[PDB]
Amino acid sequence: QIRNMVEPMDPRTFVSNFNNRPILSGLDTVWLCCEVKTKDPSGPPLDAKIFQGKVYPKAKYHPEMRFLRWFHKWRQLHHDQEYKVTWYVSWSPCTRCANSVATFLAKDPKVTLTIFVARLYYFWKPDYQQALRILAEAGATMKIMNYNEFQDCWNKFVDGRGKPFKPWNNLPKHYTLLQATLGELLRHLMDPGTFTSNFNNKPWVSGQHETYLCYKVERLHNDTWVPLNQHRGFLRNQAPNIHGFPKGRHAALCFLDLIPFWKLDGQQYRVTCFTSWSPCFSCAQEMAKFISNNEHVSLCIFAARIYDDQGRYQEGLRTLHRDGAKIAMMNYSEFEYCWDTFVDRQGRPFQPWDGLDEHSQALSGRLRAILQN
């Protein structure tokens, strides 16, 4: 058992170091909890270890490098086989560690590595963004720690003394922000079947209510809109869960959560979202609140379909339009743009579904009627 393989850390050491507030100052140390397993994952790990290292002065003593050195000697003492390794790390890898791990993974086909991170370290700096992409390209699976992973880390690596994991405040909100930020910097592309199923604008017949939202930013430069290549990606609604958001968090709200986190300066910005469902009343109300308190942001909403929330969605769309949002139904050019930009198309061109233009026309006339009532 992992309790016999490692010295479990103090609960205060865990909670202070793994708190997932995205901006968190004062932490002088990186912590790394790991398991080494066979290709069969269910059974107990072959070994488990806790590594720590000061962030400064030298990356060579970061826990990622300590792991690599330990693992290399450990493998000499054990019969060779394929290994799946899991890390729970308090900070994501710096540029030096990301490159060393990437080089190790790239030259060893027998090792597979998954890294769950509590916080993203310097996620806004291009050097760190690039290094995480290099690591992902070497085959490392990078994810944000969620409730289940904090709970698992607590059970395995912490001297909890039988007490259960207790989540800190805003663990879910932090997770969603970091998860969207990670997908952004790794340039995650949306699955093509997922795109086609969710942005098809024919009358909806599935029992599923899910919302996918693609977003982009432009900057005003010399009375011209220029792309801002930094903040481009997609996200989806968060389904309810008592350990996440008990009543869910809709895509439009998760989108609004990102904007302050980008730390846009005082220049004029146009933020565009392509959302498979138009926002419900509560989403459009929060969107209207945002516009009114962020006047350097011009909001543009393109929707594939109009969502009837059985409530005040028509008033919500009217309020959003009057407060200055541009609201429009997606036409062929916007579907093609999202396919070309946000979808893992593997070079394949946009293949429009039957009736795309006719459905866009009917929906545009319905939107027009809503906004003029």
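One rule holds for the numbers: they count along the sequence shown, beginning at 1.
Trainee: When the C-alpha temperature factors are averaged for each of 205-213 and 182-190, which stretch ends up with the higher value in the entry?
Mentor: On average, C-alpha B-factors are higher across 182-190.
Trainee: Highest mean C-alpha temperature factor of the two stretches 17-25 and 350-358, which is it?
Mentor: The entry gives the higher C-alpha B-factor average to 350-358.
Trainee: Using the temperature factors in the entry, find which of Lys49, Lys39, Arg69, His62 has the highest value at its Cα atom.
Mentor: Within the set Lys49, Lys39, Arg69, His62, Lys39 shows the top C-alpha B-factor.
Trainee: Sort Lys156, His250, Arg219, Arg119 by C-alpha B-factor from the entry and give me just the highest.
Mentor: That would be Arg219, according to the entry.
Trainee: Would you check the entry's CA temperature factor for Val55 and let me know if it's in the chain's lowest, middle or highest third?
Mentor: Middle third by C-alpha B-factor.
Trainee: Divide the modelled residues of the chain into thirds by Cα B-factor and specify which third, lowest, middle or highest, holds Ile144.
Mentor: It belongs to the lowest third of the chain when residues are ordered by C-alpha B-factor.
Trainee: Consider only the C-alpha atoms of the modelled residues in this chain, order them by B-factor as the entry records it, and name the third containing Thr114: lowest, middle or highest.
Mentor: Lowest third, going by the recorded CA B-factors of the chain.
Trainee: Just say lowest, middle or highest third for the CA B-factor of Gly162 relative to the other modelled residues in its chain.
Mentor: Answer is highest: the recorded C-alpha B-factor places it there.
Trainee: Where does the C-alpha B-factor of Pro227 rank in its chain, lowest, middle or highest third?
Mentor: Answer is highest: the recorded C-alpha B-factor places it there.
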